[PDB]
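Asker: One structure is given below, represented as structure tokens, and several questions about it will come after.
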Amino acid sequence: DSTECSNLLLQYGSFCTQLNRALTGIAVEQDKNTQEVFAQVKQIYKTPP
Amino acid sequence: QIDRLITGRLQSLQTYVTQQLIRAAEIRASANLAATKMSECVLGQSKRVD
């Protein structure tokens, strides 16, 4: 909740966007690993009664 | 005034080197996996599922 701080931070470069891209890549690779571990078969079987 | 630019560019270089090191570690893991898959599937018959 500051305006001058943002004006001074915009002069540093692309650190904000770089950190955002890194965190987005982490968040995507988490779901990628979750799908690679469990979602190995594209067919949901069920046990007989 | 020059000291601020020097510090900023040095920090940028350090961040780039760190990112390149992490990416090189990922590429090393991928290359080890690829070499293992080569030596197993190509130079022989593997009984490992998937």
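Protein chains in written order, with the entry's author numbering: chain B, 745 to 793; chain C, 992 to 1041. C-beta: ideal position from N, C-alpha, C; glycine also.
1. With DSSP as the reference, label residue 761 of chain B as helix, strand or coil.
2. Residue 1017 of chain C lies in the alpha helix (DSSP H); which residues open and close that run?
3. What first and last residue would you give for the alpha helix (DSSP H) that runs through residue 750 of chain B?
Answerer: The structure says:
1. helix
2. 993-1028
3. 748-753
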